[PDB]
Amino acid sequence: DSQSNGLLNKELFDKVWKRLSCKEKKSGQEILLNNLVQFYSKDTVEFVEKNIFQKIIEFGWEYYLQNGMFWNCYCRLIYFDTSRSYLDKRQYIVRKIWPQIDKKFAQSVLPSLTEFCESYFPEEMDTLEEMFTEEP
Amino acid sequence: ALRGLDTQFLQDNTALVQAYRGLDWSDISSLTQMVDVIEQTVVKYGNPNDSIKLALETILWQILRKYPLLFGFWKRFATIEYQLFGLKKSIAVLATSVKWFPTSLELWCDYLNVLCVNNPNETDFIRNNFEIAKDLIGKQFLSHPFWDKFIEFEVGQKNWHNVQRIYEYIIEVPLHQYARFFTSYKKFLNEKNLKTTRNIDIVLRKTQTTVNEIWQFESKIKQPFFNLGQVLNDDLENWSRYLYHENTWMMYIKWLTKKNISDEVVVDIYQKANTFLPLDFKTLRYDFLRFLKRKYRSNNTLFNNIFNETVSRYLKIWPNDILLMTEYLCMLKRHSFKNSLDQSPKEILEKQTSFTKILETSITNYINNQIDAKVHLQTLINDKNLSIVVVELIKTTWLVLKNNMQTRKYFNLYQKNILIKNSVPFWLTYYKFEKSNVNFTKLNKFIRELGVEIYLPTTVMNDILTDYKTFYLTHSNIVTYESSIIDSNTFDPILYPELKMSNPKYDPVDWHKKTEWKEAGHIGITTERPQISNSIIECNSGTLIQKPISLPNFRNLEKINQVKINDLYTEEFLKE
Amino acid sequence: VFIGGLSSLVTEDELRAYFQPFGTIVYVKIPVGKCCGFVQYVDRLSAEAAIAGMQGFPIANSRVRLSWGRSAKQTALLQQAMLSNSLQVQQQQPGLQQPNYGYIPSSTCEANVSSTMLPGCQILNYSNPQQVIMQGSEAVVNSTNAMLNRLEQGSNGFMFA
């Protein structure tokens, strides 16, 4: 659909990934994340979700799991994708992103994820509040 | 505003009824009308308030005399002077008497009995009780007054051990251990009270307020919280607040939230701080809104109605504020149209289309100036807050129902309205929409128009130009850029955002009479400066020798002393 | 600056959003319904840039009138001494007690420091409301990160400014 491959050229994405790998020592990680989620397509978003976000989960790095901007961006990638309908993007977010965030991190992740769920999913706000209620 | 003149007018109108010696039904109702206008305007301190209750009682208006007492209790929490009078009256009453007399007594006992100066209130109820022949009821008030740290506690103890000749020490051990434990607390409390009793002196200073010791007293009753505390810190806040200070309210609410009483008590305190506090504080109010959102999960139906009446009352007083409108609309989408993932999808999609339908009929109703007060959203729309409703309609039409044709039709319709052509979330939603589709034609036409015909705040224009340059550099190639360059506007999306940042009014492409020349060295102060008409200082001296130089022509030689000032400040604001 | 001719439908935060990128800003109080405001900057240079750049720009569809104008204290002083019409004399605004070496005027920073204090950089700055901060290294990261925050929250409606 006539899309120039932006940051995800294999010569530039290595320069991105060697800086995302340093994880707190280098400043400005959030802007690299936030500039890698504007693709809004099928296979482009599928590349981004298969290569950065899934791999940060797979390594289990604590800086990005701790940080609420990471999960806000990983929701905002899928939700602005114009290849899915409403039901499958909402069900994908609530069923397979939000379970993965660890409950010990919820005090930092919930203030950033709450603004997302309050802006775009006011109906599914009670599910997110009951996933992180103070009593299990 | 003039609380002194409102004090003076009631002091003058009462002195007109009193010295003309008549009932004076004009001035009787005028002093009552001056009382009603004052009490609605001012919280009416109990010492001033008592005279109004005394005069109406002197005018024998029993049903109205009871109702002003309830208002007095709301106005002053430490109003034991109004509490005792309301207990002194309503004993001269009808058949409901015996039940009402204890009802006002027990309501004051939950209001004032934990105060150090509360010894008169229990004694008066004891006086009411001793006038009855319910010596069992007199005995119950005796044991309760023994257990609370009061002024004349030892005086009460010895007196109750002689008047009760029939049943004095049926349980010696229980009564004296409660009395001595009361004496342990009152010995403790004597440190703070005497530190308060030696500072309160009206000299129009911080000692009359006793705020340092009141913050000391409230602090030391917070930590040693032996469960009288929540009543005690209420009693501690009551004497400290009466001496408007919203920070004291925030500390009392923070302590009471940490103490975990039932939430309706907290809602009562929140409503009282909403009522008696002055407007524009804007910090405990949004605290109340987010408490109503957080506690919504426990009990469903009544908190929606508390929330709804709160947001309506806060668009009464801050109509220019917009976070209330989107907050109301978030709660409306959650409560009224709720549908989980587990439900079948036609139900979900019909609830979304119902929400789009009510929202569109709301804004279409308000633009064409026909109102429908049955639906609460129709009432809540204000023209400062209309734009966020249009934004919710756009974002719901585009991101949920997912039709781009209908979304573009709404953009092309509503960007021509007066109220929302200069709104920030409408245009910034438009930017996110025409960024989602990756086309640059609408984005170049948008940011080429961003200063001249779409007026946004300069912080938002700077944010849009920075993010659009960052977006264009990473999503567009040279073959698109070199065909995007047109010369009549000298527009180029790489460099034009770098020049248009801080100055909004930027046109891209007889000098001596512009308003940049005339006030050159000094802004605002305009002076036509003298200059030579045909100056030769640009001409080199290698070319001045070729032909002889003419005489100078002058312009503006009359005005080396005239300097003139457009003083907007004095004219439009000092002299109105 | 005296900003005159306001719509009266404009708040103080929305008025801070216009006049902030010209330079750092001590206060932005506006009277209740006189249809005119008051903005005060730290720098004379930034205030002159604001009068140049924002002259006649429409805030909520009314062409605005920018000029000079005193504070709130001096305005109360002139109002009572004009109702008594005695003198109405003003007082000069306080100086920066120069030579001052850290500060490069008309500059904004929004939020451990081992800076090499060299000339091209900036060393000291006024904090945004107020106090004085040693300028850190990472100004652009905090600034760009806050504007991405401001875009994503302003599109949904949590700040009209």
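Method of structure determination, per the deposited record: cryo-EM was used for this entry, reaching 3.6 Å resolution.

1. A word on the packing of aromatic side chains
Taken together, a centroid distance of 6.3 Å and an interplanar angle of 85° make the contact between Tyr 79 of chain A and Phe 116 of chain A edge-to-face. Taken together, the positions of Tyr 79 of chain A in helix α5 (residues 68-79) and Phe 116 of chain A in helix α7 (residues 106-120) put the pair 37 residues apart, joining distant regions of the chain. Between the aromatic rings of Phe 116 of chain A and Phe 121 of chain A, the centroid separation amounts to 5.9 Å while the plane-to-plane angle is 75°, which identifies the pairing as edge-to-face. One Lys or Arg, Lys 55 of chain A, reaches over the ring of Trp 17 of chain A and ends 5.1 Å from the middle of that ring. The side chain of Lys 435 of chain B reaches across the aromatic face of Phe 471 of chain B, ending 5.8 Å from its centre.

2. A few points about the interface of chain C and chain B
Taken together, the contact between chain C and chain B spans 48 residues of the former and 42 residues of the latter. Those elements giving two or more residues to the side of chain C that touches chain B turn out to be β1 (2-4), α1 (12-19), α2 (44-53), β4 (65-67), α3 (73-83) and α4 (139-156) of chain C. Here the element with the most residues in the side of chain C that touches chain B is α4 of chain C; it accounts for eight residues. By residue class, the composition of the side of chain C that touches chain B is 24 nonpolar, 17 polar and seven charged.

3. Thoughts on the interface of chain A and chain C
You'll often see interface size given as the accessible area lost when the parts meet. Across the boundary between the two partners, chain A contributes 10 residues, which contact eight residues of chain C. Elements represented by at least two residues in the side of chain A that touches chain C include exactly α2 (30-34) and α7 of chain A. In terms of residue count, the dominant contributor to the side of chain A that touches chain C is α7 of chain A (four residues).

4. Some thoughts on the environment of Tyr 74 of chain A
Mapped onto the elements of the fold, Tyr 74 of chain A is located in helix α5. Spatially, the C-alpha atoms of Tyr 74 of chain A and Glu 129 of chain A are 19 Å apart, while their sequence positions differ by 55 residues.

5. What to know about the packing of helix α15 (residues 263-276) of chain B against helix α16 (residues 284-294) of chain B
Between two packed helices, what matters for the description is the angle formed by their axes and the separation of those axes. Residue and element names in this part refer to chain B. One can describe the packing of α15 onto α16 by two numbers: an axis separation of 10 Å at closest approach and a directional angle of 150°. The orientation of α15 relative to α16 falls into the category roughly antiparallel. As for how α15 packs across α16, the hand of that crossing is left-handed. Residues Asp 263, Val 266, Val 267, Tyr 270, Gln 271, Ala 273 and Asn 274 of α15 touch α16, and the partners they reach there are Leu 284, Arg 285, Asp 287, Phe 288 and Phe 291. Residue composition of the contact of α15 with α16, grouped by class: seven nonpolar, two polar and three charged.

6. With respect to the pattern of salt bridges
With its nearest N and O atoms 3.1 Å apart, the salt bridge here joins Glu 327 of chain B to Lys 293 of chain B. Residue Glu 327 of chain B is found in helix α18 (residues 323-335), and its partner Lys 293 of chain B is found in helix α16; the two are separated by 34 residues along the sequence. Residue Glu 498 of chain B pairs with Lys 469 of chain B through a salt bridge whose shortest N-O separation is 3.7 Å. Taken together, the residues span a long stretch of sequence, with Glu 498 of chain B in helix α27 (residues 496-499) and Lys 469 of chain B in helix α25 (residues 458-475) at a distance of 29 residues. The network of salt bridges with shared partners includes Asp 463 of chain B together with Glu 110 and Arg 150 of chain C.

Conventions used here
Residues numbered from 1 in each chain as written, not as in the entry; some residues may be left out. Chains lettered and ligands numbered in written order. Part of a larger assembly, values for the part shown. Heavy atoms only, no water. Residues with missing side-chain atoms left out of burial classes, pairs and counts. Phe/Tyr/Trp six-rings, centres within 6.5 Å; stacked < 30°, edge-to-face > 60°. Helix = DSSP H or I, 4+ residues; strand = E, 2+ residues; numbered from the N terminus. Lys NZ or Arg CZ within 6 Å of the ring centre and 35° of its normal. Contact = heavy atoms within 4.5 Å. Nonpolar A, V, L, I, M, F, W, Y, C, P; charged D, E, K, R; others polar. Axes fitted to C-alpha atoms, helices over the stretch in contact; angles between N-to-C directions. Parallel < 35°, antiparallel > 145°, perpendicular 65-115°, else oblique. Left-handed = near helix turned anticlockwise from the far one by under 90°. Salt bridge = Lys/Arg side-chain N within 4 Å of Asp/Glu carboxyl O.

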